[PDB]
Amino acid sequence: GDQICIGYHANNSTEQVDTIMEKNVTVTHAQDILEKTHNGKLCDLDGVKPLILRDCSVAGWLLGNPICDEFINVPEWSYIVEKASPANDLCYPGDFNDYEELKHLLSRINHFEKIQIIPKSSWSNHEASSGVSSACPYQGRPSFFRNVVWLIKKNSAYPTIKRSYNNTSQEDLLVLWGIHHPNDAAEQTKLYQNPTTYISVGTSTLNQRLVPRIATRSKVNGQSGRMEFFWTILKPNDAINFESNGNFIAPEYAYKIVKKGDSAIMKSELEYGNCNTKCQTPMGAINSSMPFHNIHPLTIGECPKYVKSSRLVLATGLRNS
């Protein structure tokens, strides 16, 4: 007549979790902890927009590849986006010395201010606007990298160049220059007059002397010559001194490092999506409360922690009858 029972909650739940001894155990309550979706777009990161290089490589941007002009004037960025294989790199073939160290530096930089350390108009005894190439078209016309200058002899002369620039600023200065390796000794005479040439560059730390290598090479973008580029960080109150009697690809513009901080160079194919986010991955942005995600390891922002799982479910309730 008079009785009482002790028992436990049960319900209509489909949620399954696993344990060591049993997979697919139906439980009354669970908590998914894995975010598995993203919005498929590249976004502002907390209000600040990425520098999206489109089809330019980082070197195309910094040197000023005449197809890459869109980036002549750039605002402060939150991260940089580069395609896995950018089609515009070096219009004129050659090499960029210590390129990957430079990219590594960039990953901790949010803004540059271009400074004109040696104006093109400043070259009295050398020709400063005839160093152009069909390898580097700009608006139908043969052109060259825009931030540096390819000096050529003047009136069959190429007097020794001596130029200095002192970073009188309180910030570091990224300085680029180059040497041209001609295709043969005739082209050398044609361009620079002098048969035996050098480029020397000094800073409180830098001690460089470069000599052109004249050789016959495969044509790339129609060119058998090569351009080789160098760089250095010029510290506050240091000076940089160049000297050359030919083959010098001179700086016009340097980049002042005006803002440092958390940044990245993201490898992504995506284009700008016109939205905001607090967490970006190369495949799209993430907006979730979840502590884990399985989208991509290489994120930026406040993100959940990446895991390779396809499923992560925590049991909260009890076994469902």
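We number the residues from 1 along the sequence you see.
K.L.:
With reference to the PDB entry, specify whether the mean Cα temperature factor is higher for 179 to 187 or for 247 to 255.
P.N.:
The entry gives the higher C-alpha B-factor average to 179 to 187.
K.L.:
So which stretch wins on mean C-alpha B-factor, 94 to 102 or 166 to 174?
P.N.:
Mean C-alpha B-factor is greater for 166 to 174.
K.L.:
Which has the highest CA B-factor per the PDB entry: 52, 30, 285, 295?
P.N.:
Highest CA B-factor of the listed options: 30.
K.L.:
Thinking about Cα B factors across the chain, which third does residue 43 belong to?
P.N.:
Top third by C-alpha B-factor.
K.L.:
What third of the chain does residue 273 rank in for C-alpha temperature factor, lowest, middle or highest?
P.N.:
Highest third - that is where residue 273 ends up once the chain's C-alpha B-factors are sorted.
K.L.:
Consider only the C-alpha atoms of the modelled residues in this chain, order them by B-factor as the entry records it, and name the third containing residue 68: lowest, middle or highest.
P.N.:
Highest third - that is where residue 68 ends up once the chain's C-alpha B-factors are sorted.
K.L.:
Considering every modelled residue of the chain and its Cα B-factor in the PDB entry, is residue 229 in the lowest, middle or highest third?
P.N.:
Within its chain, residue 229 is a lowest-third residue by C-alpha B-factor, going by the deposited values.
K.L.:
Based on the entry's values, in what third of the chain does the Cα temperature factor of residue 218 lie: lowest, middle or highest?
P.N.:
Ranked within chain, residue 218 CA B lands in the lowest tercile.
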